[PDB]
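# just need the structure, nothing else, for what follows:
(chains A, B, C, D, E, F and G, ligands or ions: 2)
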Amino acid sequence: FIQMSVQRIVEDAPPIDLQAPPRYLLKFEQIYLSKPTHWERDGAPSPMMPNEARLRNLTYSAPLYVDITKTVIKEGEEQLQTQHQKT
Amino acid sequence: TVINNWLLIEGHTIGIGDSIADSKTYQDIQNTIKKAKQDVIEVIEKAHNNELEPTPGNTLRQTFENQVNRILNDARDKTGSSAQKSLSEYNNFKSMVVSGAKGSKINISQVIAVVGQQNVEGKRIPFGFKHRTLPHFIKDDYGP
Amino acid sequence: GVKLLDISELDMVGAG
Amino acid sequence: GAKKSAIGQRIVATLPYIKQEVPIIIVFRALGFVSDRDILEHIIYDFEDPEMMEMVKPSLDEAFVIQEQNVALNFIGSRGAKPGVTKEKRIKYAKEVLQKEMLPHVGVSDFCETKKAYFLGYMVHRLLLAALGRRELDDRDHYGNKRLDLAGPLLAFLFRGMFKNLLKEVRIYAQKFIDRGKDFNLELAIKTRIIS
Amino acid sequence: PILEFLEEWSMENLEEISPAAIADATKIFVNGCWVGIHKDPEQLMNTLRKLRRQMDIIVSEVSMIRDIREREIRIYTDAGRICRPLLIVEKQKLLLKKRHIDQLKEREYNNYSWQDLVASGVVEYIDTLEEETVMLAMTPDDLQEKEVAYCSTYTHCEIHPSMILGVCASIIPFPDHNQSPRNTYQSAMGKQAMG
Amino acid sequence: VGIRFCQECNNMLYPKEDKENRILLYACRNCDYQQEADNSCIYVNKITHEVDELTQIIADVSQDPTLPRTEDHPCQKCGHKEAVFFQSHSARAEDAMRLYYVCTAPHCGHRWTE
Amino acid sequence: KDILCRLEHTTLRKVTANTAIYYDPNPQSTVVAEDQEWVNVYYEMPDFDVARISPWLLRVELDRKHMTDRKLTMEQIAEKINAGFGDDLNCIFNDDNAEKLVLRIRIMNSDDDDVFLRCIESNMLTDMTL
Ligand SMILES: [Zn+2]
Ligand SMILES: [Zn+2]
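Numbers count the residues shown, from 1 in each chain, chains lettered A, B, ... in the order given. Ligands and ions are numbered 1, 2, ... in the order given. Let me share the structure:
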């Protein structure tokens, strides 16, 4: 599920395209998973051991990131394509 | 109170020796089982050659099933009876059965001689696989 | 396939 | 009654997103096979077997009035869950349903229609082999017909709907800003909690 | 990869055949999708089993079932199918030999493990669908030895029958000497036991 | 028994009577096409249905390992000793435990019943 | 056993081997050569064929086994059919001399023309009681 199905689920989803005017397009391409990480009150990442999750009533989960390519067309035969990495 | 206190002097148990029959009894049971399997094979061969004729009111499958079922039933109860005759008076299974305290003669036969036919919804085990009860048999095998 | 990220490549955006 | 079984027992088919079972030959004409010989070629592979032919006689007889793909598509569209008020919408809706909902594992492109037709033929062919007693009815609790959804497929099932919700949410946010004529920040669009 | 291999072989796609040729040929299904037809099913299945047993293009968990009576070859690759390993039998002989047992005795400090057993084509995973097309030996010591013949064509052989049991039923000593309701009751009670 | 198709639309030819000649004609409806119907039989249905299973048996079942094999019955077309025996196990092959036999020899798919 | 046969419901389909709708436009002739003999035995005297009988034919075979088991004879089935349908169906039956128990049916000569016989067949097989 993690290695293949998540990637295929994001990839086969329809690309978003919107208009009111400038056309906007959004596309999800690549997926990233870190290890299970805990953010403290200050917000510092640290590796979350599962025993800490058991004791502190946390959830032994890892964050999910996706590279999002936004392509905006301003009806002038130009396409500005900006790729946000690790969203 | 009185019987429970006398039983401390008498005592009552149940063990492996109460489930053991002599070698002659085992040989008789095995001979009965071999005879039953042989006559089941003869019934199967009669059915395969179209020699078996259906009884009135029953199809040919029903006739064959009735024949083999009565065959295995009489084999089972004959083996159980022979095992019952082999029981000694000190045999604790017999002591608990004749008193009616627990168990039955069928329990003694199943423990000693033959567990017997296993039935699902009042019939023999059905062909869950393609014409087979398990992958370890050949297709169209109606043996015991 | 899904790429793995080490903990050092996680920017401190979750705190901002 | 008197004339229902005079033709004989026939074959009907009930499809997704249709509020009424439709005759099978109507479905085949909708797929684009109007000739009876072409349909029976997709259904019956041995034409020298009379029994299969007598089985499929009344199904042909019921659908004989319709003799064109457009007529069959209108027939299907009239009986839809949301029927088209006009004939064009009915045919378009029936075409979409056959395109995407009827046996999608065979294919979703239009050029897979032939494959779908063959598969549909095979389906009714199996039914005929059950009707003629040439094949045993498949057993429901036969465990070869079962599958086990584990953590993998089950979490995939959830993640699909949840990713759908997330994309709908960022769609709403981006369209809120687009209708206002201004640009939107991508980070604020994503409601993370919809997954988390 | 299954579709690519079959296209490389003489499997005829449905688009490139008249319906007249379907009657005398065997239908080929892949995950329930009728891909095409094939006219020599036996050697095709021999090739597919050869590829699966070698860990070639076909992976182990792919399950192939030939319905000879209905002239169908259904290949399944999706998840959710249950299977178990069975020892392969050829000409009333196990493909497992003493050399494999010797290698497995030194499982440590040799890097010979179960996966090499699967790769050697001695043991293969069989699913309940393919079990219908399998003639299985209970134990190699007697069921396939020469005698008054019951069946001379065994395709597989069980590793040990005791593995039919689950986890809680396998801690029962001598369960074959019990009444089966009490085996079920113990399977419940071991779950409830202290430890 | 005979099933006939049109030559212009390949739709099903329905039987019809020309009473002007008192002759059966397999006529195409919605195509005004007619043929000389000479089968002279429009319906039939075997309610007794004693239909042969050797017609229905496929010779490729000789390759099945799960089936029973025997040497008691040699083949009558090649004399091969081994033969695979089984039952119909089908409705319309009504309840009867008889054995149909297939010659195990390749290229000799002889079927018979005892 | 006689009383058992008298009360146990027997329909036409129980005793029939098969049927066939022939055409046979000339009722003097038959498409089946074996039929022509006893049909001529019933056609030296006209029986509702002086006018044009319907040029279809419904020919049924009755199982000798079930006919003997249920103590049924050839004539009483025809009597039951004529009672059920009046003279709308002209029914002839072969003389009881062989296991081929043939019964021919045509529509009355005062008379769909063809599939109406199929409706009559689907009716008489199930609902009609011997
Ligand atoms: Zn025509
Ligand atoms: Zn031969």
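
# which residues of chain D lie near chain C?
Within chain D, no position is near chain C by C-beta under 8 Å from any C-beta of the partner chain. For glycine as for every other residue, the C-beta is placed from the backbone atoms N, C-alpha and C.

# go with 10 Å
With C-beta under 10 Å from any C-beta of the partner chain as the criterion, chain D meets chain C at residues D:187, D:192.

# what about the strands in chain D?
All strands of chain D, identified by DSSP state E, fall at D:12-13, D:22-23.

# same deal with chain C?
Going by DSSP E, chain C shows strands at C:3-4.

# show me which residues of it are close to chain A?
With the criterion set to C-beta under 10 Å from any C-beta, chain C comes near chain A through C:1-16.

# nearest to residue E:102, of the residues you listed?
Using C-beta to C-beta, residue C:1 comes nearest to residue E:102 of these, at 38.4 Å.

# so the closest one touches residue A:5, yeah?
No. With contact defined as C-beta atoms under 10 Å, residue C:1 does not count as touching residue A:5 (11.2 Å).

# higher neighbour count, those two?
With neighbours defined as other C-beta atoms under 10 Å in any protein chain shown, residue C:1 and residue A:5 compare such that residue A:5 has more, 18 against 9.

# contacts only, for that one.
By C-beta atoms under 10 Å, 6 or more residues apart in numbering or on different chains, the contact set of residue A:5 is C:2, D:152-153, D:155-157, D:159-160, E:79.

# where exactly do the strands run in the chain?
Since no chain was named, I'll use chain A. Along chain A, counting by DSSP E, strands occupy A:16-18, A:23-33, A:37-39, A:45-47, A:64-73, A:79-84.

# looking at chain E here, not the other one
E:12-13, E:26-30, E:33-38, E:63-67, E:72-76, E:83-90, E:93-94, E:123-127, E:136-137, E:156-157.

# nearest to residue F:95, of these?
With C-beta to C-beta as the measure, strand E:63-67 is the member of the strands of chain E nearest residue F:95 (23.9 Å).

# pairing partners for the closest one, with directions?
As defined by DSSP bridges, the strand partners of strand E:63-67 come to strand E:72-76 (antiparallel).

# which residues sit against the strand it pairs with?
By C-beta under 10 Å, 6+ apart, the surrounding residues in contact with strand E:72-76 are D:122, D:144, D:147, E:2-3, E:6, E:11, E:26-35, E:37-38, E:41, E:44-45, E:48, E:58, E:61-67, E:127, E:129-130.

# before we move on, back to that, mind putting the strands of chain A in a markdown table, distance to chain G and mean neighbour count included?
Below are the strands of chain A laid out as a markdown table (distance: least, C-beta to the nearest C-beta, whole Å; neighbours: other C-beta atoms under 10 Å in any protein chain shown):
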| stretch | distance to chain G | mean neighbour count |
| --- | --- | --- |
| strand A:16-18 | 59 | 16 |
| strand A:23-33 | 62 | 18 |
| strand A:37-39 | 75 | 16 |
| strand A:45-47 | 78 | 14 |
| strand A:64-73 | 65 | 17 |
| strand A:79-84 | 69 | 12 |
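
# now chain C against chain D: closest residue?
Nearest to chain D, among the residues of chain C, is residue C:13, at 8.3 Å (C-beta to the nearest C-beta).

# need the contact list for that residue.
Residue C:13 makes contact with A:43, A:86-87, D:187, according to C-beta under 10 Å, 6+ apart.

# swap in residue E:2?
Counting by C-beta under 10 Å, 6+ apart, residue E:2 touches E:28, E:30-31, E:35, E:48, E:51, E:57-59, E:62, E:64, E:75, E:77.

# distance of the closest residue to residue G:2 other than its chain neighbours from chain A?
Distances taken as C-beta to C-beta, 6 or more residues apart in numbering or on different chains place residue G:71 nearest to residue G:2, at 6.7 Å, with adjacent residues excluded. In this structure, residue G:71 and chain A are 72 Å apart, going by C-beta to the nearest C-beta, to the nearest Å.

# do the same with residue B:6
Per C-beta to the nearest C-beta, residue B:6 is found 59 Å from chain A.

# what's the helix or strand for that residue?
helix B:2-10 (DSSP states H and E).

# next structured bit after that helix?
As assigned by DSSP H and E, the chain's next helix or strand after helix B:2-10 is helix B:23-48.

# quick revisit: ok, and the most crowded of the residues of chain C next to chain A?
Within the residues of chain C next to chain A, residue C:10 tops the neighbour count with 18 neighbours, counted by other C-beta under 10 Å.

# distance check, whichever residue of chain G sits closest to chain A against residue E:77.
Nearest to chain A in chain G, going by C-beta to the nearest C-beta, is residue G:122, at a distance of 52.8 Å. In this structure, residue G:122 and residue E:77 are 48 Å apart, going by C-beta to C-beta, to the nearest Å.

# nothing else from me, thank you.
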